[PDB]
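Pasting final29.cif here (mmCIF, C-alpha atoms):
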data_work
#
loop_
_atom_site.label_atom_id
_atom_site.label_comp_id
_atom_site.auth_asym_id
_atom_site.auth_seq_id
_atom_site.Cartn_x
_atom_site.Cartn_y
_atom_site.Cartn_z
CA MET F 1 0.00 0.00 0.00
CA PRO F 2 1.99 3.06 -1.24
CA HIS F 3 0.91 5.79 1.22
CA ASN F 4 1.14 8.75 -1.23
CA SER F 5 3.86 9.58 -3.79
CA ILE F 6 7.42 10.56 -2.71
CA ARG F 7 10.31 12.45 -4.37
CA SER F 8 12.26 9.36 -5.52
CA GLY F 9 15.63 10.02 -7.22
CA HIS F 10 18.19 12.82 -6.71
CA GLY F 11 17.86 16.46 -7.82
CA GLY F 12 20.36 15.74 -10.62
CA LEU F 13 23.88 16.05 -9.13
CA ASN F 14 24.58 19.14 -6.99
CA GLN F 15 28.24 20.27 -7.08
CA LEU F 16 28.10 21.19 -3.34
CA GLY F 17 30.49 23.56 -1.52
CA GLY F 18 30.34 26.31 -4.17
CA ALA F 19 31.71 29.01 -1.81
CA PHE F 20 29.62 31.90 -3.19
CA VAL F 21 29.78 30.18 -6.62
CA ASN F 22 26.62 28.24 -7.61
CA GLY F 23 24.51 25.30 -6.34
CA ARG F 24 25.31 26.33 -2.75
CA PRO F 25 22.84 24.94 -0.12
CA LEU F 26 22.48 27.04 3.09
CA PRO F 27 25.11 29.60 1.96
CA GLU F 28 25.97 31.30 5.31
CA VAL F 29 27.77 34.03 3.29
CA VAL F 30 24.32 35.26 2.08
CA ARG F 31 22.96 35.66 5.66
CA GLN F 32 26.23 37.49 6.54
CA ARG F 33 25.99 39.88 3.54
CA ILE F 34 22.36 40.87 4.25
CA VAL F 35 23.07 41.26 8.02
CA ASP F 36 26.16 43.40 7.27
CA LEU F 37 24.46 45.72 4.74
CA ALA F 38 21.41 45.97 7.05
CA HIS F 39 23.69 47.01 9.98
CA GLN F 40 25.03 50.23 8.39
CA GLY F 41 21.65 50.45 6.59
CA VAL F 42 22.32 50.28 2.84
CA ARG F 43 19.24 51.71 1.06
CA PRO F 44 17.93 49.62 -1.93
CA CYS F 45 19.07 52.28 -4.45
CA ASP F 46 22.63 51.65 -3.09
CA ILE F 47 22.44 47.83 -2.77
CA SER F 48 21.99 48.10 -6.57
CA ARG F 49 25.32 50.01 -6.71
CA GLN F 50 27.51 47.81 -4.47
CA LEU F 51 26.39 44.46 -5.97
CA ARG F 52 25.84 45.86 -9.52
CA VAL F 53 22.21 44.66 -9.74
CA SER F 54 18.75 45.93 -10.79
CA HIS F 55 15.80 46.32 -8.34
CA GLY F 56 13.83 43.05 -8.50
CA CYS F 57 17.29 41.59 -7.79
CA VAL F 58 17.63 43.97 -4.80
CA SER F 59 14.21 42.83 -3.50
CA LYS F 60 15.28 39.14 -3.64
CA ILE F 61 18.74 39.90 -2.16
CA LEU F 62 17.66 42.13 0.76
CA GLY F 63 14.31 40.37 1.29
CA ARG F 64 15.49 36.77 1.80
CA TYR F 65 12.55 35.73 4.04
CA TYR F 66 14.29 32.83 5.85
CA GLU F 67 17.68 32.44 4.09
CA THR F 68 17.21 29.30 1.92
CA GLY F 69 14.75 28.13 4.62
CA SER F 70 16.71 28.82 7.85
CA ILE F 71 17.16 31.49 10.59
CA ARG F 72 14.16 30.31 12.66
CA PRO F 73 15.21 28.72 16.02
CA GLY F 74 11.85 27.50 17.39
CA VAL F 75 9.76 24.30 17.68
CA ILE F 76 6.65 23.72 19.85
CA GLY F 77 6.34 20.60 22.07
CA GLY F 78 5.06 19.26 25.43
CA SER F 79 4.32 16.06 27.42
CA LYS F 80 2.53 14.84 30.59
CA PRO F 81 3.56 11.21 31.47
CA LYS F 82 2.50 9.14 34.53
CA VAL F 83 5.85 9.18 36.39
CA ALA F 84 6.51 8.07 40.00
CA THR F 85 9.43 6.86 42.17
CA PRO F 86 10.53 3.18 42.52
CA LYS F 87 10.79 3.90 46.30
CA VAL F 88 7.10 2.89 46.60
CA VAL F 89 8.52 -0.70 46.46
CA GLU F 90 10.50 0.12 49.65
CA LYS F 91 7.22 1.44 51.18
CA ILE F 92 5.56 -1.96 50.52
CA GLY F 93 8.57 -3.49 52.34
CA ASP F 94 8.09 -1.07 55.28
CA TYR F 95 4.36 -1.83 55.44
CA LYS F 96 5.32 -5.53 55.58
CA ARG F 97 7.58 -4.56 58.52
CA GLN F 98 4.73 -2.60 60.20
CA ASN F 99 2.10 -5.30 59.44
CA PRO F 100 3.61 -8.69 58.38
CA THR F 101 0.29 -10.62 58.64
CA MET F 102 -1.10 -8.52 55.75
CA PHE F 103 -0.07 -10.21 52.48
CA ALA F 104 1.65 -8.73 49.37
CA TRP F 105 -1.69 -7.92 47.67
CA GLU F 106 -3.12 -6.55 50.97
CA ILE F 107 -0.17 -4.15 51.50
CA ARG F 108 -0.61 -3.08 47.85
CA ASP F 109 -3.95 -1.59 49.07
CA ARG F 110 -2.38 -0.33 52.37
CA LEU F 111 -0.75 2.46 50.27
CA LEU F 112 -3.92 3.37 48.33
CA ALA F 113 -6.16 3.42 51.44
CA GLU F 114 -3.78 5.88 53.15
CA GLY F 115 -3.41 7.77 49.82
CA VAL F 116 0.36 7.43 49.28
CA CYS F 117 0.52 6.52 45.56
CA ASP F 118 -1.73 6.29 42.49
CA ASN F 119 -3.64 3.14 41.42
CA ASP F 120 -1.40 2.85 38.30
CA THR F 121 1.91 3.68 40.00
CA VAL F 122 1.47 1.17 42.89
CA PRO F 123 4.04 -1.63 42.20
CA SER F 124 3.32 -5.13 40.85
CA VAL F 125 2.36 -7.92 43.30
CA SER F 126 4.92 -10.19 41.55
CA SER F 127 7.70 -7.60 42.03
CA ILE F 128 7.19 -6.84 45.76
CA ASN F 129 7.32 -10.63 46.39
CA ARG F 130 11.03 -10.74 45.45
CA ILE F 131 11.86 -8.53 48.47
CA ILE F 132 9.81 -10.63 50.99
CA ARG F 133 11.78 -13.86 50.33
CA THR F 134 15.15 -12.31 51.36
CA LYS F 135 13.67 -11.91 54.88
CA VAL F 136 11.53 -15.09 55.04
CA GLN F 137 12.16 -17.95 52.59
CA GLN F 138 13.29 -21.61 52.75
CA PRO F 139 16.13 -22.94 50.52
CA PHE F 140 14.75 -24.75 47.46
CA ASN F 141 16.35 -28.16 48.12
CA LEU F 142 15.62 -31.37 50.07
CA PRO F 143 18.44 -33.96 49.68
CA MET F 144 17.92 -37.62 50.70
CA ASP F 145 19.18 -41.15 49.95
CA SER F 146 17.70 -42.61 46.73
CA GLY F 147 18.61 -44.76 43.70
CA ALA F 148 19.95 -47.87 45.48
CA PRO F 149 19.12 -50.89 43.23
CA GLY F 150 20.35 -54.48 43.74
CA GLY F 151 19.69 -58.19 43.06
CA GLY F 152 20.73 -61.74 44.03
CA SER F 153 18.47 -64.73 43.24
CA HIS F 154 20.29 -67.59 41.45
CA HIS F 155 19.81 -71.35 42.01
CA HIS F 156 20.79 -74.78 40.62
CA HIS F 157 19.65 -78.40 41.17
CA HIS F 158 20.86 -81.92 40.24
CA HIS F 159 20.65 -85.58 41.35
#
Now that the file is in, can you turn its structure into structure tokens?
Amino acid sequence: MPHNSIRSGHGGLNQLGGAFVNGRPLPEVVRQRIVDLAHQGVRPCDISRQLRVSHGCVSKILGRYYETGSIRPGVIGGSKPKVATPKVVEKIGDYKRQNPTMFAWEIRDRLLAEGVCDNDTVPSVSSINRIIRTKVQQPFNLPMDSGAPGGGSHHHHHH
């Protein structure tokens, strides 16, 4: 699905770096000329003299109106994200310390009831769990004797 046409292919082959020559993109020299002549205040009937140009030429030269589309430092923006501190995880830990009988998912509400954090920002039940274990867990192992096979049942008879 081609979402509208685009300017495929180059604009021929620009020479580039024509220092006040020709085919010169964002020629800072132009900005500098206009700024200079504007400073001492060269009237249009005298721009014509200095550059040896007409009057329509003078209009284009003096009146750049954003020099090859530049000289305009500005761009509008803004944002409003739902940010909060990770320290709320520590507060779950503390509320475990204050009230250990209340479970992970109970202490999740202990914050909201008091009005400490927002319903979004309150940390995951699965995350707060990882703190609890360092205080109160049992090691995940139970070694014992096992795998002890054997045999011995062989007989013979004769007259």
As number ranges by chain, please: the residues near residue 70 in chain F (cut-off 12 Å, all atoms listed in the file, same-chain neighbours under 2 positions excluded).
F: 25-28, 30-31, 64-68, 72-74
Compare F:75, F:62, F:122, F:37 by their minimum atom-to-atom distance to residue 90 in chain F, counting all atoms listed in the file, and give me the closest one.
F:122
Given 3 Å of margin on each side, can you work out the centre and size in Å (one decimal) of an axis-aligned box holding every listed atom of range 116-135 of chain F, as JSON?
{"center_x": 5.8, "center_y": -3.2, "center_z": 46.6, "size_x": 24.8, "size_y": 27.3, "size_z": 22.6}
Expand the PyMOL selection byres ((chain F and resi 104) around 12) into the explicit residue set it covers here, and present it as a VMD selection string.
chain F and resid 89 91 to 97 99 to 103 105 to 111 122 to 133
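Checking F:84, F:42, F:13, F:136 one by one against residue 120 in chain F, counting only C-alpha atoms, you find the shortest gap at F:84.
Comparing F:88, F:53, F:34, F:61 by their smallest distance to residue 119 in chain F, the closest is F:88 (using only C-alpha atoms).
Atom pair CA of residue 32 in chain F / CA of residue 63 in chain F: separated by 13.3 Å.
The space between CA of residue 79 in chain F and CA of residue 113 in chain F spans 29.1 Å.
CA of residue 116 in chain F is found 20.2 Å from CA of residue 80 in chain F.
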Since fewer atoms than expected are present, regenerate N, CA and C atoms for range 32-65 of chain F and write them as a PDB file, keeping the file's coordinate frame.
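That gives us selection-v1.pdb:
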ATOM      1  N   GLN F  32      25.218  36.534   6.088  1.00  0.00           N
ATOM      2  CA  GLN F  32      26.230  37.490   6.540  1.00  0.00           C
ATOM      3  C   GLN F  32      26.194  38.789   5.733  1.00  0.00           C
ATOM      4  N   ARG F  33      26.107  38.710   4.399  1.00  0.00           N
ATOM      5  CA  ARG F  33      25.990  39.880   3.540  1.00  0.00           C
ATOM      6  C   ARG F  33      24.786  40.736   3.935  1.00  0.00           C
ATOM      7  N   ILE F  34      23.587  40.142   3.970  1.00  0.00           N
ATOM      8  CA  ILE F  34      22.360  40.870   4.250  1.00  0.00           C
ATOM      9  C   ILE F  34      22.417  41.507   5.646  1.00  0.00           C
ATOM     10  N   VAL F  35      22.874  40.757   6.657  1.00  0.00           N
ATOM     11  CA  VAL F  35      23.070  41.260   8.020  1.00  0.00           C
ATOM     12  C   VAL F  35      24.022  42.453   8.028  1.00  0.00           C
ATOM     13  N   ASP F  36      25.172  42.338   7.350  1.00  0.00           N
ATOM     14  CA  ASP F  36      26.160  43.400   7.270  1.00  0.00           C
ATOM     15  C   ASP F  36      25.547  44.666   6.670  1.00  0.00           C
ATOM     16  N   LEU F  37      25.037  44.577   5.438  1.00  0.00           N
ATOM     17  CA  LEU F  37      24.460  45.720   4.740  1.00  0.00           C
ATOM     18  C   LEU F  37      23.289  46.326   5.523  1.00  0.00           C
ATOM     19  N   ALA F  38      22.478  45.495   6.187  1.00  0.00           N
ATOM     20  CA  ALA F  38      21.410  45.970   7.050  1.00  0.00           C
ATOM     21  C   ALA F  38      21.943  46.744   8.262  1.00  0.00           C
ATOM     22  N   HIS F  39      23.123  46.378   8.789  1.00  0.00           N
ATOM     23  CA  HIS F  39      23.690  47.010   9.980  1.00  0.00           C
ATOM     24  C   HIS F  39      23.954  48.495   9.736  1.00  0.00           C
ATOM     25  N   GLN F  40      24.796  48.834   8.748  1.00  0.00           N
ATOM     26  CA  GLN F  40      25.030  50.230   8.390  1.00  0.00           C
ATOM     27  C   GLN F  40      23.822  50.851   7.676  1.00  0.00           C
ATOM     28  N   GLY F  41      22.923  50.018   7.142  1.00  0.00           N
ATOM     29  CA  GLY F  41      21.650  50.450   6.590  1.00  0.00           C
ATOM     30  C   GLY F  41      21.825  50.932   5.152  1.00  0.00           C
ATOM     31  N   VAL F  42      22.200  50.010   4.261  1.00  0.00           N
ATOM     32  CA  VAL F  42      22.320  50.280   2.840  1.00  0.00           C
ATOM     33  C   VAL F  42      20.917  50.288   2.225  1.00  0.00           C
ATOM     34  N   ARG F  43      20.485  51.470   1.775  1.00  0.00           N
ATOM     35  CA  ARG F  43      19.240  51.710   1.060  1.00  0.00           C
ATOM     36  C   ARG F  43      19.217  50.904  -0.252  1.00  0.00           C
ATOM     37  N   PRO F  44      18.041  50.488  -0.758  1.00  0.00           N
ATOM     38  CA  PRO F  44      17.930  49.620  -1.930  1.00  0.00           C
ATOM     39  C   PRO F  44      18.601  50.215  -3.170  1.00  0.00           C
ATOM     40  N   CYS F  45      18.438  51.529  -3.372  1.00  0.00           N
ATOM     41  CA  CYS F  45      19.070  52.280  -4.450  1.00  0.00           C
ATOM     42  C   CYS F  45      20.604  52.305  -4.365  1.00  0.00           C
ATOM     43  N   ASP F  46      21.194  51.770  -3.286  1.00  0.00           N
ATOM     44  CA  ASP F  46      22.630  51.650  -3.090  1.00  0.00           C
ATOM     45  C   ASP F  46      23.077  50.184  -3.005  1.00  0.00           C
ATOM     46  N   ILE F  47      22.194  49.258  -2.592  1.00  0.00           N
ATOM     47  CA  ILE F  47      22.440  47.830  -2.770  1.00  0.00           C
ATOM     48  C   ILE F  47      22.690  47.558  -4.259  1.00  0.00           C
ATOM     49  N   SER F  48      21.843  48.136  -5.123  1.00  0.00           N
ATOM     50  CA  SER F  48      21.990  48.100  -6.570  1.00  0.00           C
ATOM     51  C   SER F  48      23.402  48.489  -7.017  1.00  0.00           C
ATOM     52  N   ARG F  49      23.986  49.518  -6.391  1.00  0.00           N
ATOM     53  CA  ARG F  49      25.320  50.010  -6.710  1.00  0.00           C
ATOM     54  C   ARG F  49      26.368  48.975  -6.327  1.00  0.00           C
ATOM     55  N   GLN F  50      26.473  48.676  -5.026  1.00  0.00           N
ATOM     56  CA  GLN F  50      27.510  47.810  -4.470  1.00  0.00           C
ATOM     57  C   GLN F  50      27.586  46.435  -5.124  1.00  0.00           C
ATOM     58  N   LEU F  51      26.439  45.802  -5.399  1.00  0.00           N
ATOM     59  CA  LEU F  51      26.390  44.460  -5.970  1.00  0.00           C
ATOM     60  C   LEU F  51      26.314  44.499  -7.497  1.00  0.00           C
ATOM     61  N   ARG F  52      26.056  45.673  -8.090  1.00  0.00           N
ATOM     62  CA  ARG F  52      25.840  45.860  -9.520  1.00  0.00           C
ATOM     63  C   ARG F  52      24.651  45.013  -9.973  1.00  0.00           C
ATOM     64  N   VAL F  53      23.466  45.365  -9.470  1.00  0.00           N
ATOM     65  CA  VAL F  53      22.210  44.660  -9.740  1.00  0.00           C
ATOM     66  C   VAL F  53      21.067  45.658  -9.945  1.00  0.00           C
ATOM     67  N   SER F  54      19.897  45.142 -10.350  1.00  0.00           N
ATOM     68  CA  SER F  54      18.750  45.930 -10.790  1.00  0.00           C
ATOM     69  C   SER F  54      17.933  46.443  -9.591  1.00  0.00           C
ATOM     70  N   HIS F  55      16.754  45.854  -9.343  1.00  0.00           N
ATOM     71  CA  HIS F  55      15.800  46.320  -8.340  1.00  0.00           C
ATOM     72  C   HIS F  55      14.917  45.153  -7.872  1.00  0.00           C
ATOM     73  N   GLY F  56      14.410  44.344  -8.811  1.00  0.00           N
ATOM     74  CA  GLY F  56      13.830  43.050  -8.500  1.00  0.00           C
ATOM     75  C   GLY F  56      14.893  42.156  -7.846  1.00  0.00           C
ATOM     76  N   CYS F  57      16.127  42.243  -8.356  1.00  0.00           N
ATOM     77  CA  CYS F  57      17.290  41.590  -7.790  1.00  0.00           C
ATOM     78  C   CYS F  57      17.504  42.056  -6.350  1.00  0.00           C
ATOM     79  N   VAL F  58      17.474  43.376  -6.123  1.00  0.00           N
ATOM     80  CA  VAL F  58      17.630  43.970  -4.800  1.00  0.00           C
ATOM     81  C   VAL F  58      16.566  43.434  -3.844  1.00  0.00           C
ATOM     82  N   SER F  59      15.309  43.352  -4.298  1.00  0.00           N
ATOM     83  CA  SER F  59      14.210  42.830  -3.500  1.00  0.00           C
ATOM     84  C   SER F  59      14.495  41.397  -3.039  1.00  0.00           C
ATOM     85  N   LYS F  60      14.935  40.525  -3.956  1.00  0.00           N
ATOM     86  CA  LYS F  60      15.280  39.140  -3.640  1.00  0.00           C
ATOM     87  C   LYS F  60      16.475  39.057  -2.692  1.00  0.00           C
ATOM     88  N   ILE F  61      17.503  39.882  -2.927  1.00  0.00           N
ATOM     89  CA  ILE F  61      18.740  39.900  -2.160  1.00  0.00           C
ATOM     90  C   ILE F  61      18.466  40.350  -0.724  1.00  0.00           C
ATOM     91  N   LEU F  62      17.940  41.565  -0.548  1.00  0.00           N
ATOM     92  CA  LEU F  62      17.660  42.130   0.760  1.00  0.00           C
ATOM     93  C   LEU F  62      16.577  41.310   1.457  1.00  0.00           C
ATOM     94  N   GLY F  63      15.430  41.140   0.791  1.00  0.00           N
ATOM     95  CA  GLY F  63      14.310  40.370   1.290  1.00  0.00           C
ATOM     96  C   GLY F  63      14.522  38.885   1.010  1.00  0.00           C
ATOM     97  N   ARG F  64      15.273  38.205   1.887  1.00  0.00           N
ATOM     98  CA  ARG F  64      15.490  36.770   1.800  1.00  0.00           C
ATOM     99  C   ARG F  64      14.249  35.994   2.248  1.00  0.00           C
ATOM    100  N   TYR F  65      13.658  36.403   3.378  1.00  0.00           N
ATOM    101  CA  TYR F  65      12.550  35.730   4.040  1.00  0.00           C
ATOM    102  C   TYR F  65      12.918  34.280   4.365  1.00  0.00           C
TER     103      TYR F  65
END
